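Read the structure below first, then the notes.
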Amino acid sequence: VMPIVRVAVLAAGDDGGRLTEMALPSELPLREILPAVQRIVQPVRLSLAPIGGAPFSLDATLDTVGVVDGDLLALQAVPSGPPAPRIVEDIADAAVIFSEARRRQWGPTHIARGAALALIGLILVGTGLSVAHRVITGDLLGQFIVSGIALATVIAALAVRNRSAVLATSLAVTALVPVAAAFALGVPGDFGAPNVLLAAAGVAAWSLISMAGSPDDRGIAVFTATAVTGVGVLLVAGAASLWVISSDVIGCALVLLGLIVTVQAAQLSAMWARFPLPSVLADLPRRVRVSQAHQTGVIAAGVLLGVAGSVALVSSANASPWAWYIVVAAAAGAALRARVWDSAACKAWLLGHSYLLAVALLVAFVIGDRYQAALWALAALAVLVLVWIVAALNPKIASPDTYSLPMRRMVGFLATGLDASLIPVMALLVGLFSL
Amino acid sequence: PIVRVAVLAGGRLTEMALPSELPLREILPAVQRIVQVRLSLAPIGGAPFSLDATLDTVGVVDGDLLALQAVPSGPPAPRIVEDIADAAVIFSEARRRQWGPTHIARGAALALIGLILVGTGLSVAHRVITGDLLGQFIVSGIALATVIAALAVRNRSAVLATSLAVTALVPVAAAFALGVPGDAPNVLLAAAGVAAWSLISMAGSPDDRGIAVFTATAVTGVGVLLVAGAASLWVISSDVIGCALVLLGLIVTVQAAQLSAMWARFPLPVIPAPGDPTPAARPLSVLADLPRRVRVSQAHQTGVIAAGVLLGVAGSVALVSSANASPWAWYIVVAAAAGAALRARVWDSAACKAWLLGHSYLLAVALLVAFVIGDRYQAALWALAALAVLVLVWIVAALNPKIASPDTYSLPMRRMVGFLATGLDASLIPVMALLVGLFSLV
Amino acid sequence: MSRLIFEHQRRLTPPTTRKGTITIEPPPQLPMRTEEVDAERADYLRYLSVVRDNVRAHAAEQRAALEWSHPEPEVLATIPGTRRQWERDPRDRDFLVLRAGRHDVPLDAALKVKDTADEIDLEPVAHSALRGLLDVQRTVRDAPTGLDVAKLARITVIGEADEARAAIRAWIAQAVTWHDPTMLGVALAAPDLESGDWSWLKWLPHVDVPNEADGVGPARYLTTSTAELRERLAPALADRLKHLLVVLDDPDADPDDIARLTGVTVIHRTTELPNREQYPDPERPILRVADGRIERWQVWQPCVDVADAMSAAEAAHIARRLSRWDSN
Amino acid sequence: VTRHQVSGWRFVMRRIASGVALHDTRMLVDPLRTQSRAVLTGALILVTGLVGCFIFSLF
Amino acid sequence: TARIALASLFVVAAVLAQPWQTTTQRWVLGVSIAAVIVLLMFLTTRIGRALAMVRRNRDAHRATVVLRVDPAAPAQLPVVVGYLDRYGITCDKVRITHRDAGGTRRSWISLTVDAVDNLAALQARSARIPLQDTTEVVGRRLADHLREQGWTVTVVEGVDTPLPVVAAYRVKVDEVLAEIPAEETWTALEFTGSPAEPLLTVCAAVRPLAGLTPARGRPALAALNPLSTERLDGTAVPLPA
């Protein structure tokens with residue numbers, strides 16, 4: 001017989017397009033079979049190209065080029081020639097000519113971006129100024145200005161909800177810094193626990209009222225992120241303000257809740273689809289994106305608490321070593337749970353859990369007047385960036401293929417055992433089950 | 001009655017003539033008996049010919065290509081084609097590759113960036129609280145590490161190289177700033193090191209990625225160097241270094257075209273003698289490289305302008321941020337601001353226009369933070385209100401696309417605007433003289 | 001005898017070629033405040049920049065024309081099928097003009113300054129700019145060009161086998177792909193023809209004499225004995241109209257073996273180079289096909305800056321995709 | 001080198017500057033020269049007031 | 001993890017009873033024991049399954065195409081599994097189904113196509129997902145490839161039902177496949193995942209022989225409808241040669 005390969009070619013150059021299968025004889029120069037493909041699917045010459053790549057040399061054959069049975073090949077043009085390079089002998093005309101390809105025109109469209117960035121900077125720096133005016137000195141003028149600018153920005157967000165649909169979303173997502181600032185300064189005292197409660201309540205309320213109210217699919221993810229954590233710490237906050245003092249258990253419950261949101265997430269992720277986010281399934285591309293968005297959002301919250309809780313455990317010194325076990329346990333858990341999510345931002349957040357943990361422990365230590373361990377945090381961050389580097393150089397550690405099936409089973413088993421292994425030491429540390 | 005075709009069957013094809021008015025039955029054997037199961041001749045990507053027809057009746061013209069292949073046991077597979085509308089999307093699918101190892105590279109790069117930044121931060125905090133030898137030691141170690149790594153991927157990446165070089169000028173500045181005991185002459189060493197590193201990086205680099213950032217750091221380093229110089233040898237008030245910084249910023253911003261021209265080594269003119277010369281013609285080699293020199297010039301220009309603004313705000317925050325400076329200092333500040341916001345009508349590169357227009361807003365933010373640092377807290381609200389007015393005029397320019405277009409104005413109006421932009425930075429220098437006390441030396 | 005027919009269609013309208021004669025006003029006379037002469041410099045330089053842009057437009061138009069008339073020797077694969085295969089005619093300005101490669105064309109337009117401001121004491125800049133413009137812009141950059149074969153009568157090439165034959169294949173394909181066989185007929189005489197080499201010529205409908213059979217293919221001008229070639233060529237030539245090409249592949253064995261005509265322009269490859277070849281004629285040139293260029297002998301005057309090489313299999317594909325058609 | 005030569009040199013330099021800054025070479029009006037000469041006349045007002053309040057100081 | 005977590009919580013509330021006395025570390029010890037030993041997850045989920053069944057005593061995102069090949073054989077095994085991913089359509093799973101309503105082993109091929117795992121290609125068709133259309137097209141392509149391969153296949157529309165509107169089973173790693181005693185025995189293999197290295201699974205039904213598994217807690221049999229848009233939840237496992 002004769003070796004043949006069944007492929008499917010795609011050519012869309014004039015109107016719509018044509019995708020169809022065919023059988024081509026392997027071990028032939030493409031310059032021989034291209035006319036047949038053209039005749040079937042129909043001064044520039046054409047050639048086959050793997051979708052997402054560069055066209056094939058007109059001499060190579062489908063066999064040597066590396067096409068397996070059942071590929072999908074597009075019918076592109078023979079790559080190119082030179083662009084016929086221009087030439088000018090005067091230097092001034094050279095300067096004026098060779099600069100056009102920039103979109104350098106000022107136009108009434110860079111002014112819009114400039115004004116929006118200036119407004120966001122105004123909001124942020126005004127919140128910062130007024131807070132630093134209160135938190136240090138202490139008077140009603142600070143919180144007054146903060147609440148004023150917060151009401152101003154939320155009204156502006158609701159006012160342009162259908163004006164540009166992007167200025168509105170950006171203004172909203174930046175409006176939750178002054179909202180938190182305002183709702184973090186009630187009943188001053190020592191700023192206490194319950195101010196965190198009120199601030200988280202306001203933040204979660206704004207994230208909710210804006211997520212469904214959002215005009216499109218966008219960085220809505222961070223919304224749902226600042227929504228989930230918005231409620232998460234909220235709950236724990238209430239405890240430390242209502243039930244009892246609860247000195248240390250705050251971070252314990254926080255990291256527990258973080259792990260909970262992290263693992264059992266896909267269900268709650270798909271739950272938001274029931275809520276109204278806004279021709280049989282024409283609105284599929286939106287939904288899935290939004291759906292995907294919510295995942296890439298919610299998992300972010302699922303890790304923020306994981307730090308925001310752990311930071312409480314190993315903050316001070318002389319803490320029980322069980323805290324230094326629960327922190328690294330949650331870290332390893334959120335690290336090894338990246339193998340399953342298989343998406344870009346999800347895997348990214350799950351891996352960067354330990355990185356953000358290192359940086360947060362470092363800043364908490366330098367705030368906490370500790371330096372014999374801040375250097376240790378920096379060294380741990382160094383080991384982490386080193387393993388990142390060695391993974392990037394040689395695709396060995398993060399390549400889930402060149403491993404052992406027994407080792408893969410053991411890794412999954414160890415992860416499944418260790419992520420939940422913290423609630424026993426949780427109770428042993430908090431002493432809640434020592435009655 | 002005969003047709004000459006290329007038949008195909010060892011990994012090659014042969015080229016033979018075949019009878020036409022004849023059944024393929026008695027054709028295929030001899031064909032094998034030339035080329036060397038139910039075999040027959042078939043066109044490329046087609047159902048094999050009916051075993052009992054003629055080459056003529058099926059329509060194989062002279063010079064086609066036929067391959068010898070088996071007879072499929074059954075139907076002809078009419079190869080139904082399905083239509084598509086926007087195949088350009090499928091491409092964008094395969095282009096958006098999965099996680100893989102590609103994202104690992106950006107991850108590692110960002111991780112190293114963050115590592116260097118947080119190391120510098122922790123170390124400078126330890127030094128400004130209580131700095132042992134370990135502080136300066138680890139700062140210098142991090143700086144040497146990143147500067148070596150920059151020259152380690154210089155010809156391997158050409159993208160990670162410039163990024164590492166850019167981020168490396170923060171730890172270098174930190175190191176050389178606190179490499180000397182004391183508290184200032186330190187900033188002199190810092191600016192010297194940062195300018196040296198900026199120049200070194202800018203020199204051995206391709207056309208771009210030696211972007212405005214590098215020449216801007218270089219120029220602001222040279223400026224802070226020439227100011228810390230006077231602050232070191234002589235001893236002068238805050239007003240003196242402030243005026244010197246704002247004047248350096250202005251004089252760099254204004255002469256930022258010829259400077260950017262000579263920085264890119266343009267092919268200088270060859271204007272001949274007047275009597276009887278022989279004009280030379282430029283060679284095609286340099287003229288071919290010209291469209292690279294143009295982009296290099298543009299980048300250098302944008303950087304020079306950015307550095308001019310960074311100076312003109314660094315000095316502008318030296319005069320007003322003090323306890324109580326003469327209203328002449330306020331006038332110099334406002335004049336430099338309005339000058340760097342009115343010469344933004346001159347330049348055309350959008351990046352330069354933005355860097356110029358922003359000068360006032362950046363100055364507002366800098367005055368605000370320097371007031372908060374200085375426990376003023378009263379004129380800080382005034383600075384916030386000024387910045388609010390700035391963003392208000394920005395907004396009213398944004399959502400009203402007529403105030404932001406010169407064509408809707410009258411010739412004498414814009415001519416008077418030009419007159420004002422002339423007079424402002426004209427009088428900027430005599431007021432500097434008044435403030436510095438130069439006219440009190442007589 | 002069994003292949004499709006063709007109709008002598010009307011050639012498409014090529015992109016226009018405005019052969020105007022643009023003139024430039026001479027620079028000033030350099031006599032008066034320096035500001036005045038500076039403003040005059042500015043005005044004159046602006047005028048010069050405008051006329052430079054216009055000249056660049058002229059040049060781009062000429063290059064577009066040459067491209068549309070001499071595509072790269074790999075696009076012509078898509079030619080034979082369309083209505084643009086044998087589109088050239090014995091009256092057009094680019095007829096029997098084999099494309100050999102890209103180099104600098106002399107910019108057909110004029111660019112003549114109306115030199116009346118004699119006694120040259122001109123403004124130094126306003127004159128240096130004009131000299132630069134007249135010396136640089138007057139030559140189009142790398143653009144298609146080649147051999148006006150209709151007035152050459154011999155092409156001697158020099159170089160190794162797989163490069164000389166490469167360029168020969170390239171422009172012989174570029175020729176047989178834009179002409180009816182009734183106008184030109186390609187021939188050949190080679191000792192190793194049926195070798196994956198010029199055997200591709202077998203298909204070209206330009207290599208068959210009138211009224212011969214040879215059983216399988218009508219004539220097959222291809223052969224080995226140059227004398228036998230002339231014998232097969234005997235009735236085709238007594239004319240000193242149908243053009244011809246007769247190419248050789250043996251370095252030795254006496255080229256010029258026919259005359260010394262009026263349309264028979266033989267080609268041959270040699271390995272010996274001339275020593276001090278006296279007056280390389282406007283016709284009968286000598287071409288060393290170098291690594292990546294084709295240098296014409298002249299008293300080393302490259303005259304071709306980037307050659308063209310068509311692979312054997314590519315020539316075969318051209319021959320096949322061309323052998324379908326014929327006109328009679 | 002005649003004065004026309006140095007004038008042409010300065011003119012070519014200013015034209016190159018206008019090209020690489022304003023992105024045009026028409027050179028009808030040259031705001032770059034305006035700004036430069038403005039700073040220069042600022043310095044000249046400075047030196048003039050200097051010699052003024054100097055020769056007055058020796059009243 | 002949740003079940004092992006609660007079991008760890010209870011074994012911790014128990015282990016602190018090193019003095020198994022005083023009826024303070026003993027009665028709560030006993031309640032924690034009788035709470036953990038019942039869980040150590042097949043009995044608690046047994047209660048869940050009973051509650052589901054008393055709850056169950058009363059798609060536009062997945063499409064299916066079904067064909068019949070009366071001369072069924074394993075010879076067409078590769079040419080069908082190759083359709084897990086090709087022509088840029090990545091069929092989500094293939095399923096071979098055999099029935100024995102008498103002695104006429106009516107078999108069926110079942111292709112499934114989602115709309116989110118390959119939303120790009122679908123969206124490229126008409127900007128409004130022609131999921132049904134593209135599934136029918138890939139069905140026609142498989143039918144033609146099989147027919148030309150040497151068998152006969154007819155694209156059916158509406159197939160019989162393996163559930164009466166009764167006992168399902170599942171096996172692990174050939175002889176059992178021939179063993180699956182009754183009147184109407186369904187046996188269906190499903191390949192999912194990647195065409196190069198797929199994941200094989202098996203579900204059968206009668207109206208436990210050598211290695212079967214009772215289907216305790218039937219909607220699974222409903223899913224076993226070759227036309228149904230499901231994955232036969234039971235398991236997933238690679239295969240040897």
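Just remember, in the structure tokens the first chain shown is A, the second B, etc., residues are 1-based per chain, and ligands are 1-based in the order shown.
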
(request) Just need the residues of chain C within 10 Å of chain B, counting only C-alpha atoms, so spit them out as a ChimeraX atom specification. (result) /C:1-4,30,120-129,131-136,199-200,202-204,215-217,317,319-325

Take the residues from that selection and put them in a file with C-alpha atoms, as a PDB file, in the first residue's frame.
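After the write, part.pdb holds the following:
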ATOM      1  CA  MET C   1      -2.083  15.504 -28.441  1.00  0.00           C
ATOM      2  CA  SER C   2      -4.552  15.409 -25.534  1.00  0.00           C
ATOM      3  CA  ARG C   3      -4.493  18.619 -23.501  1.00  0.00           C
ATOM      4  CA  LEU C   4      -6.697  21.651 -22.979  1.00  0.00           C
ATOM      5  CA  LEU C  30      23.370  83.418  -1.553  1.00  0.00           C
ATOM      6  CA  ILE C 120      27.834  78.366  -8.642  1.00  0.00           C
ATOM      7  CA  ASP C 121      28.089  80.334  -5.390  1.00  0.00           C
ATOM      8  CA  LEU C 122      24.927  78.827  -3.969  1.00  0.00           C
ATOM      9  CA  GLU C 123      23.669  78.647  -0.406  1.00  0.00           C
ATOM     10  CA  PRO C 124      25.739  75.784   1.067  1.00  0.00           C
ATOM     11  CA  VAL C 125      22.860  73.915   2.726  1.00  0.00           C
ATOM     12  CA  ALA C 126      20.248  74.589   0.034  1.00  0.00           C
ATOM     13  CA  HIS C 127      22.781  73.151  -2.434  1.00  0.00           C
ATOM     14  CA  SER C 128      24.096  70.211  -0.396  1.00  0.00           C
ATOM     15  CA  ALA C 129      20.525  69.012   0.107  1.00  0.00           C
ATOM     16  CA  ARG C 131      23.100  67.326  -4.443  1.00  0.00           C
ATOM     17  CA  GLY C 132      22.186  64.626  -1.936  1.00  0.00           C
ATOM     18  CA  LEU C 133      18.714  64.304  -3.434  1.00  0.00           C
ATOM     19  CA  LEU C 134      20.024  64.130  -6.998  1.00  0.00           C
ATOM     20  CA  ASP C 135      22.656  61.533  -6.117  1.00  0.00           C
ATOM     21  CA  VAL C 136      20.666  59.253  -3.799  1.00  0.00           C
ATOM     22  CA  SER C 199      14.119  16.308 -17.663  1.00  0.00           C
ATOM     23  CA  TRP C 200      11.460  18.570 -16.116  1.00  0.00           C
ATOM     24  CA  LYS C 202       9.862  17.333 -20.820  1.00  0.00           C
ATOM     25  CA  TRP C 203       6.481  18.849 -19.941  1.00  0.00           C
ATOM     26  CA  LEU C 204       6.978  22.441 -21.148  1.00  0.00           C
ATOM     27  CA  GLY C 215       5.614   8.056 -30.277  1.00  0.00           C
ATOM     28  CA  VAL C 216       5.008   9.334 -26.749  1.00  0.00           C
ATOM     29  CA  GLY C 217       5.864  13.038 -26.809  1.00  0.00           C
ATOM     30  CA  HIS C 317       6.102  21.580 -10.550  1.00  0.00           C
ATOM     31  CA  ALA C 319       6.418  22.344 -15.914  1.00  0.00           C
ATOM     32  CA  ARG C 320       3.599  20.064 -14.782  1.00  0.00           C
ATOM     33  CA  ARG C 321       1.174  22.837 -13.831  1.00  0.00           C
ATOM     34  CA  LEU C 322       1.944  24.405 -17.222  1.00  0.00           C
ATOM     35  CA  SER C 323       1.724  21.361 -19.507  1.00  0.00           C
ATOM     36  CA  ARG C 324      -2.088  21.360 -19.418  1.00  0.00           C
ATOM     37  CA  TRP C 325      -2.525  24.290 -21.782  1.00  0.00           C
TER      38      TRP C 325
END

(request) Do a neighbour search on residue 237 in chain B at 12 Å with only C-alpha atoms, toss out local chain neighbours closer than 4 positions, and write the hits as a list in words. (result) residues 230, 231, 232, 241, 242, 243, 244, 318, 319, 322, 325, 435, 436 and 437 of chain B

How about saving the chosen residues, N, CA, C and O atoms kept, as an mmCIF file, in the first residue's frame?
data_model
loop_
_atom_site.group_PDB
_atom_site.id
_atom_site.type_symbol
_atom_site.label_atom_id
_atom_site.label_comp_id
_atom_site.auth_asym_id
_atom_site.auth_seq_id
_atom_site.Cartn_x
_atom_site.Cartn_y
_atom_site.Cartn_z
ATOM 1 N N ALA B 230 27.900 70.822 44.695
ATOM 2 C CA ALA B 230 27.853 72.115 45.367
ATOM 3 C C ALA B 230 27.451 71.963 46.826
ATOM 4 O O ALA B 230 27.949 72.689 47.694
ATOM 5 N N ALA B 231 26.551 71.024 47.119
ATOM 6 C CA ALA B 231 26.168 70.785 48.505
ATOM 7 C C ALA B 231 27.293 70.178 49.332
ATOM 8 O O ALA B 231 27.216 70.206 50.564
ATOM 9 N N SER B 232 28.323 69.632 48.691
ATOM 10 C CA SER B 232 29.420 68.981 49.398
ATOM 11 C C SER B 232 30.589 69.933 49.635
ATOM 12 O O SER B 232 30.993 70.157 50.780
ATOM 13 N N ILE B 241 20.015 74.813 46.620
ATOM 14 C CA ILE B 241 19.936 73.549 45.897
ATOM 15 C C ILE B 241 18.585 73.405 45.212
ATOM 16 O O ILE B 241 18.497 72.827 44.126
ATOM 17 N N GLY B 242 17.521 73.950 45.805
ATOM 18 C CA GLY B 242 16.229 73.915 45.140
ATOM 19 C C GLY B 242 16.234 74.692 43.838
ATOM 20 O O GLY B 242 15.772 74.203 42.801
ATOM 21 N N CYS B 243 16.755 75.918 43.876
ATOM 22 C CA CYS B 243 16.828 76.731 42.671
ATOM 23 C C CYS B 243 17.743 76.092 41.637
ATOM 24 O O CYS B 243 17.440 76.099 40.440
ATOM 25 N N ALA B 244 18.865 75.523 42.079
ATOM 26 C CA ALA B 244 19.760 74.859 41.140
ATOM 27 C C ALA B 244 19.087 73.664 40.483
ATOM 28 O O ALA B 244 19.238 73.455 39.274
ATOM 29 N N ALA B 318 11.934 71.131 47.143
ATOM 30 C CA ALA B 318 12.937 71.594 48.091
ATOM 31 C C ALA B 318 12.645 72.997 48.601
ATOM 32 O O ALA B 318 13.043 73.339 49.722
ATOM 33 N N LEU B 319 11.956 73.816 47.806
ATOM 34 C CA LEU B 319 11.668 75.191 48.194
ATOM 35 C C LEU B 319 10.441 75.281 49.094
ATOM 36 O O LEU B 319 10.521 75.760 50.229
ATOM 37 N N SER B 322 9.846 73.388 52.788
ATOM 38 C CA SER B 322 10.456 73.939 53.986
ATOM 39 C C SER B 322 9.406 74.616 54.855
ATOM 40 O O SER B 322 8.238 74.717 54.464
ATOM 41 N N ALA B 325 9.158 79.544 53.193
ATOM 42 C CA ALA B 325 10.038 80.086 52.172
ATOM 43 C C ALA B 325 9.416 81.336 51.570
ATOM 44 O O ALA B 325 8.195 81.515 51.582
ATOM 45 N N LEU B 435 15.805 85.224 44.784
ATOM 46 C CA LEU B 435 15.598 84.325 45.913
ATOM 47 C C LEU B 435 16.919 83.830 46.486
ATOM 48 O O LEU B 435 17.099 83.804 47.708
ATOM 49 N N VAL B 436 17.856 83.430 45.624
ATOM 50 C CA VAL B 436 19.118 82.882 46.101
ATOM 51 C C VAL B 436 19.953 83.937 46.810
ATOM 52 O O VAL B 436 20.914 83.600 47.508
ATOM 53 N N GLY B 437 19.603 85.211 46.663
ATOM 54 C CA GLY B 437 20.373 86.280 47.256
ATOM 55 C C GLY B 437 21.517 86.787 46.410
ATOM 56 O O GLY B 437 22.374 87.511 46.930
#

Give me, as CSV, each residue of chain D that comes within 8 Å of chain C, together with its shortest interatomic pair and the distance in Å at one decimal, counting only C-alpha atoms, with rows ordered by chain and rising residue number.
residue,atom,partner,partner_atom,distance
D:4,CA,C:123,CA,7.8
D:5,CA,C:124,CA,6.9
D:7,CA,C:34,CA,7.2
D:8,CA,C:125,CA,6.0
D:11,CA,C:38,CA,6.9
D:12,CA,C:125,CA,7.7
D:25,CA,C:46,CA,7.1
D:26,CA,C:46,CA,5.6
D:27,CA,C:42,CA,5.9
D:28,CA,C:42,CA,7.2

(message) Show me, as a ChimeraX atom specification, the residues that have an atom within 9 Å of residue 290 in chain B when counting only C-alpha atoms, minus same-chain residues fewer than 5 positions from it.
(response) /A:87-88,91,94-95,98 /B:266-267,285,295

Same residues, N, CA and C atoms, saved as a compact mmCIF listing (two decimals), in the first residue's frame:
# COMPACT_ATOMS: atom_id res chain seq x y z
N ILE A 87 14.18 54.60 2.08
CA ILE A 87 15.46 55.30 2.17
C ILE A 87 15.25 56.80 1.96
N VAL A 88 15.85 57.61 2.83
CA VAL A 88 15.82 59.06 2.72
C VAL A 88 17.19 59.59 3.09
N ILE A 91 18.25 64.24 6.84
CA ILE A 91 18.09 63.72 8.19
C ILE A 91 16.80 64.22 8.84
N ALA A 94 14.12 62.30 7.52
CA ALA A 94 14.27 60.98 8.10
C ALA A 94 13.64 60.91 9.48
N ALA A 95 13.83 61.95 10.29
CA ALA A 95 13.24 61.97 11.62
C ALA A 95 11.73 62.05 11.55
N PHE A 98 10.32 58.38 9.88
CA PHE A 98 10.51 57.11 10.56
C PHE A 98 9.93 57.07 11.97
N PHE B 266 23.56 61.08 15.20
CA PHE B 266 23.04 61.34 13.87
C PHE B 266 24.19 61.58 12.89
N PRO B 267 23.96 61.34 11.61
CA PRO B 267 24.98 61.64 10.60
C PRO B 267 25.11 63.13 10.38
N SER B 285 25.19 52.56 3.74
CA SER B 285 25.24 51.79 4.98
C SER B 285 24.59 52.54 6.13
N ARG B 295 14.50 56.04 16.07
CA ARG B 295 13.80 55.53 17.24
C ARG B 295 14.65 55.71 18.50

(request) Could you check how far CA of residue 149 in chain E sits from CA of residue 10 in chain A, in Å to one decimal? (result)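 Computing it gives 24.4 Å between the two atoms.
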
Give me the chain D side of the contact with chain B, cut-off 6 Å, one line per residue showing its nearest atom pair and distance in Å at one decimal, counting only C-alpha atoms, sorted by chain and residue number, as CSV.
residue,atom,partner,partner_atom,distance
D:17,CA,B:257,CA,4.9
D:21,CA,B:347,CA,5.7
D:22,CA,B:347,CA,5.2
D:38,CA,B:426,CA,5.1
D:39,CA,B:426,CA,5.2
D:42,CA,B:426,CA,4.5
D:46,CA,B:430,CA,5.3
D:54,CA,B:442,CA,6.0

(request) Just give me the gap between CA of residue 31 in chain E and CA of residue 45 in chain E in Å, one decimal is fine. (result)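 About the pair CA of residue 31 in chain E and CA of residue 45 in chain E: they are 20.0 Å apart.
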
(message) Would you pick out the contacts of residue 162 in chain A at 12 Å or less, using only C-alpha atoms, so that residues sharing its chain but fewer than 6 positions from it are not included, and give the list as a list in words?
(response)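 Neighbouring residues, sequence-local ones excluded: residues 156, 168, 169, 213, 214, 215 and 216 of chain A.
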
Selected residues written out, N, CA and C atoms, as a compact mmCIF listing (two decimals), in the first residue's frame:
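Output saved as result.txt:
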# COMPACT_ATOMS: atom_id res chain seq x y z
N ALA A 156 -20.34 58.67 41.66
CA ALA A 156 -19.79 58.80 40.32
C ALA A 156 -19.78 57.46 39.59
N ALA A 168 -16.33 53.29 34.53
CA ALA A 168 -17.19 52.95 35.65
C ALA A 168 -16.60 51.80 36.46
N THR A 169 -16.18 50.73 35.79
CA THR A 169 -15.65 49.58 36.51
C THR A 169 -14.37 49.93 37.25
N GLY A 213 -24.20 44.45 39.50
CA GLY A 213 -24.40 45.70 38.80
C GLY A 213 -23.36 46.02 37.75
N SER A 214 -22.31 45.21 37.64
CA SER A 214 -21.25 45.48 36.68
C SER A 214 -21.80 45.48 35.26
N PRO A 215 -21.24 46.31 34.37
CA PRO A 215 -21.81 46.44 33.02
C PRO A 215 -21.34 45.37 32.04
N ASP A 216 -20.32 44.59 32.37
CA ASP A 216 -19.73 43.69 31.39
C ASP A 216 -18.96 42.60 32.12

Each residue of chain D with at least one atom at most 8 Å from chain A should appear once, together with its nearest atom pair and the corresponding distance in Å (one decimal); atoms considered: only C-alpha atoms; ordering: chain, then increasing residue number; output as JSON lines.
{"residue": "D:15", "atom": "CA", "partner": "A:92", "partner_atom": "CA", "distance": 6.5}
{"residue": "D:16", "atom": "CA", "partner": "A:92", "partner_atom": "CA", "distance": 5.0}
{"residue": "D:18", "atom": "CA", "partner": "A:92", "partner_atom": "CA", "distance": 7.9}
{"residue": "D:19", "atom": "CA", "partner": "A:92", "partner_atom": "CA", "distance": 5.1}
{"residue": "D:20", "atom": "CA", "partner": "A:95", "partner_atom": "CA", "distance": 5.5}
{"residue": "D:23", "atom": "CA", "partner": "A:96", "partner_atom": "CA", "distance": 4.9}
{"residue": "D:24", "atom": "CA", "partner": "A:96", "partner_atom": "CA", "distance": 5.6}
{"residue": "D:25", "atom": "CA", "partner": "A:92", "partner_atom": "CA", "distance": 6.3}

(request) Measuring atom to atom with only C-alpha atoms, identify which of B:177, B:58, B:373, B:9 is nearest to residue 27 in chain A. (result) B:9

(request) Excluding residue 200 in chain B and residues on its chain fewer than 2 positions from it, collect all residues at most 12 Å away from it, counting only C-alpha atoms, and give them as a list in words. (result)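 That gives residues 147, 150, 151, 162, 165, 166, 169, 193, 194, 195, 196, 197, 198, 202, 203, 204, 205, 210, 214, 215, 217 and 218 of chain B.
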
Could you write those residues out with C-alpha atoms, as a tab-separated table (two decimals), in the first residue's frame?
chain	number	residue	atom	x	y	z
B	147	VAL	CA	24.17	43.66	38.29
B	150	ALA	CA	22.14	41.61	34.18
B	151	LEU	CA	25.45	41.04	32.39
B	162	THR	CA	16.92	45.15	30.22
B	165	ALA	CA	19.16	46.19	34.50
B	166	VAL	CA	16.26	48.56	35.18
B	169	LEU	CA	19.41	50.58	39.75
B	193	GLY	CA	26.56	55.01	41.05
B	194	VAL	CA	23.08	55.14	39.55
B	195	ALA	CA	24.26	57.30	36.65
B	196	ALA	CA	27.24	55.04	35.99
B	197	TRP	CA	25.00	51.97	35.94
B	198	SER	CA	22.41	53.70	33.75
B	202	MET	CA	22.27	52.04	27.93
B	203	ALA	CA	25.55	51.63	26.04
B	204	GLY	CA	25.58	47.89	25.37
B	205	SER	CA	21.94	47.37	24.40
B	210	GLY	CA	17.11	51.00	26.45
B	214	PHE	CA	17.41	54.50	31.26
B	215	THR	CA	18.42	57.87	29.85
B	217	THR	CA	17.75	57.84	35.27
B	218	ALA	CA	21.07	58.83	33.70

(request) Tell me, as a VMD selection string, which residues lie within 10 Å of residue 364 in chain A, counting only C-alpha atoms; anything in the same chain fewer than 6 positions away does not count. (result) chain A and resid 311 to 312 314 to 316 358 370 374

(request) Taking the DSSP assignment computed from this structure's backbone, write out as number ranges by chain all residues of range 9-73 of chain E that belong to strand (DSSP E). (result) E: 62-68
